[PDB]
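J.: pasting an experimental structure with its sequence.
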Amino acid sequence: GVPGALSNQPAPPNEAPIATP
Amino acid sequence: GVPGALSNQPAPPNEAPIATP
Amino acid sequence: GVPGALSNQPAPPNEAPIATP
Amino acid sequence: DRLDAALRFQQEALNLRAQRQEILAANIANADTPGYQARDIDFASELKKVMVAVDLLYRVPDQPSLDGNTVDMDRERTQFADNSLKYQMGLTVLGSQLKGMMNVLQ
Amino acid sequence: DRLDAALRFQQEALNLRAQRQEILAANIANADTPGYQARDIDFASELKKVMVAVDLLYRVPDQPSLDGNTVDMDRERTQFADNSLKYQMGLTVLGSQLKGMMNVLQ
Amino acid sequence: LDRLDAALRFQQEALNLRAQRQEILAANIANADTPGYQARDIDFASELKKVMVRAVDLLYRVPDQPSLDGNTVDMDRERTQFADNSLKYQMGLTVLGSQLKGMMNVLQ
Amino acid sequence: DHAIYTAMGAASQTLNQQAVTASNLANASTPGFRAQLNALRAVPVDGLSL
Amino acid sequence: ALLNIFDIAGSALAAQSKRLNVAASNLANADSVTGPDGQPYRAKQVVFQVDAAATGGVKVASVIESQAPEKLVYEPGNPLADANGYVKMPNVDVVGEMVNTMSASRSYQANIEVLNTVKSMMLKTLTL
Amino acid sequence: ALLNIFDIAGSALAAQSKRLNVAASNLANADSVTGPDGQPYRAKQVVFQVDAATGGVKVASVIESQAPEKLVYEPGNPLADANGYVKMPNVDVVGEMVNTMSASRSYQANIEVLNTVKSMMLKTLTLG
Amino acid sequence: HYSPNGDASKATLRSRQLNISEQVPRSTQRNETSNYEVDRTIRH
Amino acid sequence: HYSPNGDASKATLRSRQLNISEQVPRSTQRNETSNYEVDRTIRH
């Protein structure tokens, strides 16, 4: 939820697609 | 081994050849 | 003799002549 | 016994503060490795469970990064300062309590 | 002699800490001498041997250097700080043990 | 002498020699800029051994590196000398204090 | 700490190459002259690790 | 559980120093036409790893040459040129090396401060 | 032995001071054309050695570097040789500008070492 | 009189401790403490 | 009277300690402590 809080699961990995698939 | 660890025999001499014979 | 040691002989004065006579 | 029970809570708080300090140091030292997730522990729940290894959980990311790292320097620094000050306070409380327990014997 | 041995364990620990501190100071002072090899000792095994004439080992280099100097700076500085802290810890443990032994005779 | 002074004469003489040596070190610190000055020091071990038999001679210190003005008092070497001299003075002070405290405690 | 030495060596060699170029430019009218080329060569040092 | 802080911070310091050395080497050899053997210089960079025996300090695994294709310029009057008269030059990003040096220096400072604070707390712990 | 630290760090201080003085002298004489008797100024360097296992650092000697003199053409000068090439000092500038900084950093580091060792020695002086 | 126990074929060990390290630059190490027991004859 | 026990063929060791280090620049080391037992004859 609010950034900086505690979560039990990792966030999904980040990606920066140059062009949409 | 890993850098910063301890080992029995010293490091070999370091050389910087200008041109390989 | 070795620098930093103790010797009972005072050192001779230091001089810096501009040109050798 | 009674002597250990009088100091168990303060000692465990000190130990948990030390462990959280180590976690913060690790996840501030790994600030450049991509794919590394920030780590920390829930201090209140950990202390209550131990007074009744160590459980740790990931931190909610603040801003996205392409490499994958999810550590925020200012947040880590504030948490580090808070934990250091609370550890110092716990040490002071324990020292005062021990000094009083020693003084009662004269 | 029982007192001798009981304090001897910590006394030898302190002595080896002092020796390691001296070696660290030496390789700090000679940190810019070309053709120098970093030297250190293994505290745990050395203490075991002394409890049951000191040999020193060459520190593993981390980066090459043309002038033949292998003594790093950061690793040995952290080692210096750790050794100083552990020497102080041993000193205060020995002092506490001695004071506890003394105050019984009052 | 006496049985009491016999034990503590060595430590008293060590303390006095430490005080004189520190005075000489402070003097050559204060005269660090006077040209033509020569650093002076005391051969502590030889002087202590000579005194513990029965003023103190001065030995010139060898110059580290030459200077034009003729001043020959170094700075780093003499500073290390001053620091270690003060440290050993405090060591002797605490040793003598421990001896006197033991002597007093025996008489209680 | 030793990372300063590679940078200072690079600066010194750049100064030498600048000197060579200046020498080439100085004699821009001497008959029958041949210019002096210049280049930088990498000289890695092979230690123990990393 | 408080003496591992020195190990973690020292590992971080060593890794940052290695990264700074690599960046300095790239900046120095940005325009190296050839090496000793004859092959053109290629940019290098470190590969970090998590030094967990569970999390701990950072650790440099190895050094790898960048997989980006090296640049090539036209110079037929050079013995290094191939059949097409193209001589290979290293592919170094000067801005990349600059910002790498900046980030490495800042992380170095942060780790120094962490180590100093932890040393102070350890020193004060003994006064129990 | 914890007393040997004092005469190890004093040796380090003396060696670094000598190195700094040599660098300063070379920078001052970077452009001097002659000596007291027509001998051109030559860059000088110090030789470090271990006192001896291992111990402090002592300056073995001071030696003039054996490099060709960057000779220049001034035919209308008494010091000129048969071809009119006078000899100039072979002193760079980056070398000394980096030597001064390195010597200062080492001097400060040894000062810190001596401070810490003196503090812990004084602390040990009141055992129990 | 004491019978010789130098030869390892009929020594009489009461204790022992045999440490062996080995790294590979084939560094080595071999420590060995031994406590013996000895025969004895006494005539008067 | 004491019988000689210099030759290792019939020494009478009570203790021993034989450390052997070796690195490879073939540095070496060999420490050896030995406690003996000796014959004895006494006439009056």
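T.: Arrived safely, thanks for sending. Residues are numbered from 1 along each chain as shown, chains lettered A, B, ... in the order given.
J.: and what about whatever residue of chain J ends up closest to chain E, helix, strand or coil?
T.: Nearest residue of chain J to chain E, counting by C-beta to the nearest C-beta: residue J:33, 8.4 Å away. Backbone N, C-alpha and C define where each C-beta goes, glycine included. Look at residue J:33: counting by DSSP: H, G, I helix; E, B strand; the rest coil, its state is strand.
J.: that one contacts residue J:16, correct?
T.: Yes - with contact defined as C-beta atoms under 8 Å, residue J:33 counts as touching residue J:16 (7.0 Å).
J.: higher neighbour count, the two?
T.: Using other C-beta atoms under 10 Å in any protein chain shown as the criterion, residue J:33 and residue J:16 rank with residue J:33 on top: 16 against 10.
J.: I'd like to know how far the more buried one sits from residue J:9.
T.: Distance of residue J:33 to residue J:9, given as C-beta to C-beta, to the nearest Å: 20 Å.
J.: is residue A:11 within a helix or a strand, and which one?
T.: For residue A:11, there is no enclosing helix or strand under DSSP states H and E.
J.: thought it was touching residue D:61?
T.: Yes - contact status for residue A:11 versus residue D:61: in contact at 5.0 Å, counting by C-beta under 8 Å.
J.: can you check which residues contact both of those two?
T.: When contacts are counted by C-beta atoms under 8 Å, 6 or more residues apart in numbering or on different chains, residue A:11 and residue D:61 are jointly contacted by residue D:70.
J.: more crowded one of these two?
T.: residue D:61 (21 against 14).
J.: show me the contacts for the closest residue to chain H within chain A.
T.: Going by C-beta to the nearest C-beta, chain H is nearest to residue A:10 of chain A, at 13.2 Å. Residue A:10 sits next to D:37, D:58 when contact means C-beta under 8 Å, 6+ apart.
J.: quick check: the gap between it and residue D:68.
T.: Residue A:10 is 10 Å from residue D:68, by C-beta to C-beta.
J.: same question for residue J:17.
T.: For residue J:17, the distance to residue D:68 equals 52 Å [C-beta to C-beta].
J.: who has more neighbours out of these two?
T.: Legend: neighbour count by other C-beta under 10 Å for residue J:17 and residue D:68, higher for residue D:68 (16 against 11).
J.: thought the more buried one was touching residue A:15?
T.: No - checked against C-beta under 8 Å, the pair residue D:68 and residue A:15 is beyond contact range at 9.2 Å.
J.: gap between stretch D:38-57 and the chain center?
T.: Chain-centre distance of stretch D:38-57: 9 Å, with C-alpha atoms, centre = their mean, to the nearest Å.
J.: that one: end-to-end distance?
T.: End-to-end distance for stretch D:38-57: 9 Å, by C-alpha to C-alpha, to the nearest Å.
J.: what residues does that stretch touch?
T.: Contact partners of stretch D:38-57, identified using C-beta under 8 Å, 6+ apart, comprise A:6-8, D:8-9, D:12-13, D:16-17, D:19-20, D:23-24, D:26-27, D:58-59, D:61, D:70-72, D:76, D:79, H:55.
J.: next one: stretch H:39-50
T.: Under the contact criterion C-beta under 8 Å, 6+ apart, stretch H:39-50 has outside partners D:30, D:32-33, D:36, G:42, H:15, H:18-19, H:22, H:25-26, H:29, H:32-35, H:56, H:58-66, H:68, H:70, H:80, H:87-92.
J.: and whatever residue of chain J ends up closest to chain I, its phi and psi?
T.: Relative to chain I, the nearest point of chain J is residue J:27 (19.6 Å; C-beta to the nearest C-beta). The phi/psi pair for residue J:27 (degrees, to the nearest 10) reads phi -70, psi 150.
J.: go on, the one 3 residues further on?
T.: In this entry, residue J:30 is assigned phi and psi values of phi -160, psi 100 (degrees, to the nearest 10).
J.: can you tell me the closest non-neighbouring residue to it?
T.: Excluding the flanking residues, the one nearest residue J:30 by C-beta to C-beta, 6 or more residues apart in numbering or on different chains is residue K:20, at 4.5 Å.
J.: can you report how many residues lie near the closest residue to residue D:11 other than its chain neighbours?
T.: Nearest residue to residue D:11, sequence neighbours excluded (C-beta to C-beta, 6+ apart): residue D:94, at 7.1 Å. Neighbourhood size, residue D:94 [other C-beta under 10 Å]: 17.
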